[PDB]
Each structure stands twice: as structure tokens, then as C-alpha cells.
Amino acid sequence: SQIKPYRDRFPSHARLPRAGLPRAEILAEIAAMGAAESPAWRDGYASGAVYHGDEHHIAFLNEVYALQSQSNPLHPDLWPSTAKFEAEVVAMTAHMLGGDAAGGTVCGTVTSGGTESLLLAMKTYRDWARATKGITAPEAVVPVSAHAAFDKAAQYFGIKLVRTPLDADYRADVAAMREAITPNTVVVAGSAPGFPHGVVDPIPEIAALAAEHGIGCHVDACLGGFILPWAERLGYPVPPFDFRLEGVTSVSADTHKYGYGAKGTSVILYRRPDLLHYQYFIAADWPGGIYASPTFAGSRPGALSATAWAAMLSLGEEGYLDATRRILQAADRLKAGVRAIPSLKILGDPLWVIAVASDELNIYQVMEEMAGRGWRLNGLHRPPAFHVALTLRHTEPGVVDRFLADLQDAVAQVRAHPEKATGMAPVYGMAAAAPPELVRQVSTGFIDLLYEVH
């Protein structure tokens, strides 16, 4: 119920006021909530959530939004600027992701986020495989670690999703993937890296598996697309993961993540225009005129595409290199510190999204102790663990040292009381062992709580 802390701070609104409220009063309330909320992400207490977070970069993008606020890309005749920004965002991302190696046929679109990029990629493989291979019962083979949006795509578009086991390094077991391929498989996927444990899947081998079966290979680089090319140039071990690989037929990369654009954008890329074409929706007989959508949406907030273009141009190759170096050096420091705490262990060998578990202590209480110190960490299960996705906010002076000091104490306090399960720890413990319908019932109730007006 700390998800509803303004219940007794600001007046609630279940109905429109009769008279319009003063603009200065609306602004005062919003700024007051900003004063309460901003320190958590600004001062480096949030895992992921805010990727850049510098006040001058934010002020720069807020100005870009302001200049382009009326932009709706559904009307390129009215906003040709925005069509230019989206075309250039896609062209620049494709090039960064080995697009020239594919022969200059790499194309794509700007989306509302990573989820849309993954859903669109799944719908496209389903539609392409039906029209060209005649598959009417589509299947998709992905590792267990692959994004929850794959499950969302399966249920929405009627694709059978086959999730395959991981190895001891929390990487996709490719042999398990090969064994799951049937004549109905439309796509195989790999994560670069996956969200739970920040490990990069063996993409060259996943791409070669797809190529030999004549199926799609989607690379989910939503998290790593804007990190991994720079990590490669810096001396860090990163296998080829993009269009440089022959079997790779699509890549998703989030401009609103490490691209450092404003929330609300991502990029979906395909190796060829013939694949891209299956993503489009075209209505030819509607009295409202000829209608064509490249993505899920009709009307779109064009100003957010402009923030993505403005962010990429302001950073350039050097900015992205320098941002990755900072993130990866902060990650190296954090990994070394965690590995020096006796009761903790890191899952796999990640470069910057660090999952921490314990064979000795209840990691959910260790996590709860951190929450008690203001840390906002992602809680994981299968296995129980928490993770920290390092951002530019965690590269600021003293943030990693503050995390390490607070983790040292958290472990000590749980080592003294291993029975302690306070706050959110029993919920996470319950959740990890709960049957799916109990999880479904509790999640439905949590979403309903978010929409409560009192």
C-alpha cells in the first residue's frame, strides 16, 4: 500500500471538477510528487528504471519533447520532421548492429518499447511463415530466460511457445533448442543479454541452427543493443550477436533503455524488406480511406521518436563508448565486492545486469534489508535471487560503494536471524512456491489496487 501514499496528501479525483482547477495548483502537486520520487532514481537506488538520469540530458530531452509535442507520425504530410527522425533512428541502429554486413537490406521501424518490438517480431514470423511456408499451427522456440513478452505474443497471436532449459552458466542450451524444432517452428530466439541474469545467449550457434532449418532467428538485444557493440570495442568478451551473423533475421533494441532516449521508444529490425512487409497492416475497403500501419498503433506520440534521435546524435559513437566504459567499470567493481561476501553468489558471468543468490541465506530477506535502506532491486524466482541492472546513475561517485556497504550489513543481519521474513520477503517466498492460479489471483488484485480511487 506504499503504491498509494498520496491518499491523505493530495485531494482524490473520481469525477471531473465542475470548474477547471488552476494550472499553478496542478503543477504544484505534480512537482511535490516529483520531490518525493526523484531521489530514489536520481541518487542511484533503482535497478534499471532510469538509464541516463543526468539533469542536463533530461532538460535537453524535455526541450526536444516541447518542440515536437504536437507531432503525430500517422500524419507524415504534417510532420515530415518526425518521419525523418524515425527513418534516421532505424538507419543508425541497424548500422550499429552490423546492418552493412547483411547487404544493405536491413530495414525496420521505431516502436513504443521493447514489448512492442518483440510482439511485432512474433506476429511477423507467424504471418510470414503462414503466407510463405503454409504453417497454420505456428511454434516458437526460446530459452526459459527469454522475456515474458514472448509468452504474451504466444497468447495474443496463437503461437505455441516452447521454452528450453539453460546450462550451468545460465545460457541457452542450444542442443535442447535443436531438439524442440519441428516442421511448424517459425522462429528461434536468443537474448543479448536476457533480463533475469544479464547473460548473453550463444547467438552464433542459435543463428546457425535457424539458418539450417530455414527459420527465423530473432535476437532480443532490447537491453544490450546499445551496450554490446561498445563492450566489444572495449576489450570485454562479447560474441557476434547481430546482422554480422548470416542466420540472424531480426533484432530488437531499445532506444529508451541504453539508447538514453525518453520512455516510449524501441526499434525492430529485419534482415530484409520481404520480412518487414509482414509486420504492416493495410486496410483497402474502409470508407475512412486507405489505411496503413507499420506497427500496432495508429496515432503515436511523435515527440518521443524525436527524443530518441536527439539522444543518439548528442552522444554519437564516443558518448556510447564512454557511457558503456563507465557502466562496465562500475559493474566490474560491484561484481568483485559481491564475490567477496561469503554467503552470496552471482548467477553466470554477466557483464552489467547482476543477479545475486544464496544457497545459505534467504535472499528475499537480504533483498528486503536493502529495500529497508532505500534500494529498489528486481526480485527474481526460478531460482530465488535479486538483480541490479547498472545504469549511468550507478556510475556516479559513491553509488557502488554505498550498495556494497549496505549489502555487507544486509547479509550480516540475515546471518544473525535466518528465520526473519519481514515486509516483502514472505510475499516473494509465497510467490516463488505458489501454484500459477494463486499467482494469477494475487497479480489481478495488485493491478486492481493500482486503479483504486479513494
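For every residue, the number given is its place in the sequence shown, counted from 1.
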{"property": "Average Cα temperature factor in the PDB entry - higher stretch of 64-72, 415-423", "result": "415-423"}
{"property": "Stretch with the greater mean C-alpha B-factor as recorded in the entry, comparing 230-238 against 368-376", "result": "368-376"}
{"property": "Top Cα B factor in the deposited entry, candidates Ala87, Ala180, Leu245, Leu97", "result": "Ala180"}
{"property": "Top Cα B factor in the deposited entry, candidates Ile159, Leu344, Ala129, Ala207", "result": "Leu344"}
{"property": "Among modelled residues of the same chain, the CA temperature factor third for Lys335", "result": "highest"}
{"property": "Within-chain third of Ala176 by Cα B-factor, per the entry", "result": "highest"}
{"property": "Chain third (lowest, middle, highest) by recorded CA B-factor, residue given as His197", "result": "lowest"}
{"property": "Cα B factor band for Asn362 (lowest, middle or highest third within the chain)", "result": "highest"}
{"property": "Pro384 - Cα temperature factor, lowest/middle/highest third of chain", "result": "highest"}
